[PDB]
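Content type mmCIF, C-alpha atoms, from the file upload-v4.cif:
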```cif
data_run
loop_
_atom_site.group_PDB
_atom_site.id
_atom_site.type_symbol
_atom_site.label_atom_id
_atom_site.label_comp_id
_atom_site.auth_asym_id
_atom_site.auth_seq_id
_atom_site.Cartn_x
_atom_site.Cartn_y
_atom_site.Cartn_z
ATOM 1 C CA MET A 21 111.456 120.735 85.915
ATOM 2 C CA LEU A 22 114.374 118.270 86.744
ATOM 3 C CA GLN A 23 116.812 118.668 83.854
ATOM 4 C CA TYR A 24 119.586 116.295 84.981
ATOM 5 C CA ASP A 25 120.489 113.410 82.743
ATOM 6 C CA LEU A 26 120.291 109.799 83.781
ATOM 7 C CA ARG A 27 123.856 108.582 83.734
ATOM 8 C CA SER A 28 123.484 104.990 84.728
ATOM 9 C CA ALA A 29 121.182 102.487 86.211
ATOM 10 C CA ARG A 30 121.480 99.214 88.119
ATOM 11 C CA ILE A 31 119.409 96.638 89.827
ATOM 12 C CA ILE A 32 120.601 95.130 93.204
ATOM 13 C CA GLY A 33 119.084 93.392 96.208
ATOM 14 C CA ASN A 34 117.296 90.048 96.345
ATOM 15 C CA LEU A 35 116.418 89.206 92.716
ATOM 16 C CA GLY A 36 114.852 85.663 93.309
ATOM 17 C CA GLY A 37 117.423 84.115 91.090
ATOM 18 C CA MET A 38 116.267 86.249 88.133
ATOM 19 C CA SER A 39 119.115 88.539 87.799
ATOM 20 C CA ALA A 40 119.836 87.624 84.187
ATOM 21 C CA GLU A 41 116.198 88.000 83.179
ATOM 22 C CA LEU A 42 115.859 91.402 84.953
ATOM 23 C CA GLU A 43 118.996 93.030 83.745
ATOM 24 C CA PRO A 44 117.817 93.490 80.129
ATOM 25 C CA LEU A 45 114.879 95.514 81.309
ATOM 26 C CA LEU A 46 117.332 98.309 82.028
ATOM 27 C CA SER A 47 117.874 98.742 78.296
ATOM 28 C CA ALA A 48 114.616 100.678 78.185
ATOM 29 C CA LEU A 49 116.221 103.585 80.040
ATOM 30 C CA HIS A 50 117.527 106.538 78.104
ATOM 31 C CA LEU A 51 121.055 107.017 79.437
ATOM 32 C CA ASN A 52 122.797 110.290 78.972
ATOM 33 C CA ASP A 53 119.492 111.965 78.391
ATOM 34 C CA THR A 54 117.080 113.829 80.572
ATOM 35 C CA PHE A 55 115.790 111.837 83.415
ATOM 36 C CA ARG A 56 112.224 110.548 83.019
ATOM 37 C CA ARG A 57 110.255 109.318 86.015
ATOM 38 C CA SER A 58 107.850 107.362 83.925
ATOM 39 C CA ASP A 59 110.693 105.353 82.286
ATOM 40 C CA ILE A 60 111.811 104.314 85.857
ATOM 41 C CA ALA A 61 108.192 103.392 86.825
ATOM 42 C CA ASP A 62 107.889 101.279 83.733
ATOM 43 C CA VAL A 63 111.035 99.358 84.669
ATOM 44 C CA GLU A 64 109.896 98.921 88.201
ATOM 45 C CA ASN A 65 106.611 97.484 86.922
ATOM 46 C CA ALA A 66 108.308 95.231 84.514
ATOM 47 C CA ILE A 67 110.548 93.910 87.236
ATOM 48 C CA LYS A 68 107.662 93.098 89.455
ATOM 49 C CA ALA A 69 105.794 91.427 86.587
ATOM 50 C CA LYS A 70 108.775 89.228 85.761
ATOM 51 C CA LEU A 71 109.168 88.242 89.323
ATOM 52 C CA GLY A 72 105.320 87.673 89.630
ATOM 53 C CA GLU A 73 105.656 85.171 86.832
ATOM 54 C CA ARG A 74 107.877 82.913 89.005
ATOM 55 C CA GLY A 75 105.685 83.269 92.049
ATOM 56 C CA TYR A 76 107.104 86.324 93.736
ATOM 57 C CA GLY A 77 103.916 88.168 93.961
ATOM 58 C CA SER A 78 104.837 90.612 96.732
ATOM 59 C CA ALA A 79 108.110 91.783 95.189
ATOM 60 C CA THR A 80 109.109 95.466 95.910
ATOM 61 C CA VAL A 81 111.214 97.806 93.932
ATOM 62 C CA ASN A 82 112.520 101.172 95.192
ATOM 63 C CA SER A 83 114.480 103.442 92.991
ATOM 64 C CA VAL A 84 117.265 105.331 94.767
ATOM 65 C CA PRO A 85 119.121 108.273 93.216
ATOM 66 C CA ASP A 86 122.691 109.343 93.464
ATOM 67 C CA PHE A 87 122.911 112.970 92.430
ATOM 68 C CA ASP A 88 125.933 114.776 90.927
ATOM 69 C CA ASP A 89 124.834 118.428 91.088
ATOM 70 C CA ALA A 90 128.046 119.588 89.514
ATOM 71 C CA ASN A 91 127.475 117.590 86.292
ATOM 72 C CA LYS A 92 123.697 117.697 86.413
ATOM 73 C CA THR A 93 123.480 113.834 86.357
ATOM 74 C CA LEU A 94 121.905 111.180 88.614
ATOM 75 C CA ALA A 95 122.448 107.479 88.804
ATOM 76 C CA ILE A 96 119.501 105.301 89.622
ATOM 77 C CA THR A 97 119.763 102.172 91.718
ATOM 78 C CA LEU A 98 116.686 99.985 91.729
ATOM 79 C CA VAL A 99 116.615 98.166 94.971
ATOM 80 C CA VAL A 100 114.642 94.953 94.440
ATOM 81 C CA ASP A 101 113.347 92.623 97.026
ATOM 82 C CA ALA A 102 111.659 89.506 95.505
ATOM 83 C CA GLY A 103 110.085 88.524 98.844
ATOM 84 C CA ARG A 104 108.715 85.042 99.592
ATOM 85 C CA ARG A 105 107.305 82.750 96.776
ATOM 86 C CA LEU A 106 103.666 82.273 97.828
ATOM 87 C CA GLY A 107 104.116 81.427 101.595
#
```
Could I get this file's structure written as C-alpha coordinates?
Amino acid sequence: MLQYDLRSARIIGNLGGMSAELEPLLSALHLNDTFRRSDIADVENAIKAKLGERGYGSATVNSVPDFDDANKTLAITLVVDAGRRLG
(Lines of atoms letter the chains of each structure in order from A and count residues from 1; the text may use other names and numbers.)
(Lines give C-alpha, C1' and ligand atoms only; values in the text may rest on other atoms or scores of the structure.)
Protein backbone atom coordinates (compact mmCIF):
# COMPACT_ATOMS: atom_id res chain seq x y z
CA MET A 1 0.00 0.00 0.00
CA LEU A 2 3.07 2.41 -0.09
CA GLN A 3 2.04 5.18 -2.48
CA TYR A 4 5.12 7.43 -2.27
CA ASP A 5 7.04 8.14 -5.43
CA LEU A 6 10.67 7.30 -5.92
CA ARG A 7 12.40 10.62 -6.30
CA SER A 8 15.97 9.62 -6.82
CA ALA A 9 18.39 6.82 -6.55
CA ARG A 10 22.14 6.42 -6.09
CA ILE A 11 24.76 3.82 -5.63
CA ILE A 12 27.63 4.40 -3.08
CA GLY A 13 30.09 2.32 -1.08
CA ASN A 14 32.85 0.05 -2.35
CA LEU A 15 32.06 -0.54 -6.05
CA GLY A 16 35.22 -2.67 -6.98
CA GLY A 17 36.23 -0.13 -9.52
CA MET A 18 32.96 -0.63 -11.43
CA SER A 19 31.26 2.55 -10.71
CA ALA A 20 30.84 3.52 -14.36
CA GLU A 21 29.46 0.11 -15.29
CA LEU A 22 27.00 0.09 -12.33
CA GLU A 23 25.62 3.54 -12.66
CA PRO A 24 23.61 2.85 -15.84
CA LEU A 25 21.70 0.13 -14.08
CA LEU A 26 19.88 2.88 -12.21
CA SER A 27 18.16 3.88 -15.44
CA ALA A 28 15.77 0.98 -14.91
CA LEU A 29 14.14 2.78 -11.99
CA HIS A 30 10.96 4.72 -12.54
CA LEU A 31 11.67 8.11 -10.97
CA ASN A 32 8.83 10.36 -10.03
CA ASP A 33 6.50 7.42 -10.04
CA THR A 34 5.22 5.09 -7.40
CA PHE A 35 7.88 3.21 -5.64
CA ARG A 36 8.26 -0.44 -6.66
CA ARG A 37 10.17 -2.88 -4.49
CA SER A 38 10.71 -5.31 -7.28
CA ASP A 39 12.41 -2.63 -9.46
CA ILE A 40 14.92 -2.08 -6.55
CA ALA A 41 15.48 -5.88 -6.18
CA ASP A 42 16.15 -6.15 -9.87
CA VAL A 43 18.81 -3.45 -9.64
CA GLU A 44 20.36 -5.02 -6.62
CA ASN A 45 20.58 -8.32 -8.50
CA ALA A 46 22.01 -6.72 -11.53
CA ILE A 47 24.65 -5.01 -9.46
CA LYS A 48 25.72 -8.21 -7.87
CA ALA A 49 25.80 -9.98 -11.24
CA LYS A 50 28.01 -7.29 -12.75
CA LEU A 51 30.34 -7.44 -9.85
CA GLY A 52 30.28 -11.34 -9.96
CA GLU A 53 31.53 -11.07 -13.50
CA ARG A 54 34.81 -9.46 -12.31
CA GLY A 55 35.26 -11.90 -9.47
CA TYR A 56 33.40 -10.23 -6.65
CA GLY A 57 31.24 -13.12 -5.85
CA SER A 58 30.25 -12.15 -2.30
CA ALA A 59 29.19 -8.59 -3.11
CA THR A 60 26.31 -7.14 -0.95
CA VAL A 61 23.80 -4.51 -1.75
CA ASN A 62 21.47 -2.87 0.80
CA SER A 63 18.92 -0.36 -0.24
CA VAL A 64 18.39 2.46 2.26
CA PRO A 65 15.46 4.89 2.08
CA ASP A 66 15.23 8.53 2.88
CA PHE A 67 11.59 9.40 3.38
CA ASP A 68 9.92 12.80 2.84
CA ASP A 69 6.47 12.24 4.39
CA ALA A 70 5.39 15.74 3.55
CA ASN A 71 5.86 15.24 -0.23
CA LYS A 72 5.14 11.53 -0.23
CA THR A 73 8.58 10.75 -1.82
CA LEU A 74 11.56 8.56 -0.87
CA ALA A 75 15.09 8.52 -2.14
CA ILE A 76 16.85 5.22 -2.38
CA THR A 77 20.53 4.78 -1.69
CA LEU A 78 21.97 1.43 -2.67
CA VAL A 79 24.84 0.74 -0.43
CA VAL A 80 27.20 -1.62 -2.27
CA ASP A 81 30.07 -3.52 -0.88
CA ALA A 82 32.01 -5.48 -3.58
CA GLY A 83 33.89 -7.53 -0.97
CA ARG A 84 37.09 -9.48 -1.72
CA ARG A 85 37.84 -10.90 -5.27
CA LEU A 86 38.02 -14.66 -4.65
CA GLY A 87 40.31 -14.75 -1.51
Q) Looking at A:91, A:65, A:58, A:83, which one is nearest to residue A:31, with distances taken over all atoms listed in the file? A) A:83
Q: Determine the residue membership of the PyMOL selection byres ((chain A and resi 29) around 9) for the file above and supply it as a list in words.
A: residues 26, 27, 28, 30, 31, 46, 49, 51, 95, 96, 97 and 98 of chain A
Q | Resolved residues for the PyMOL selection byres ((chain A and resi 77) around 9) as a PyMOL selection string | A | chain A and resi 68-69+71-76+78-79+102-106
(Q) If I take atom CA of residue A:101 and atom CA of residue A:35, how far is one from the other in Å, to one decimal? (A)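 About the pair atom CA of residue A:101 and atom CA of residue A:35: they are 6.3 Å apart.
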Q | Point-to-point distance in Å for atom CA of residue A:43 and atom CA of residue A:94 | A | 19.0 Å
**Q.** Nearest candidate to residue A:64 (options A:99, A:32, A:48, A:81; using all atoms listed in the file)
**A.** A:81
Hey, can I get the axis-aligned box for stretch 29-48 of chain A? All listed atoms, 5 Å padding on each side, centre and edge lengths in Å to one decimal, as AutoDock Vina command-line options.
```
--center_x 118.0 --center_y 93.3 --center_z 87.3 --size_x 16.9 --size_y 28.4 --size_z 28.2
```
Q) Which one of A:66, A:100, A:90, A:84 sits closest to residue A:47 if you count all atoms listed in the file? A)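 Nearest to residue A:47: A:66.
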Q | Within 8 Å of residue A:55 using all atoms listed in the file, minus same-chain residues under 6 positions, as an MDAnalysis selection string | A | chainID A and resid 22:26
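Taking atom CA of residue A:34 and atom CA of residue A:56 as the two end points, the separation is 25.0 Å.
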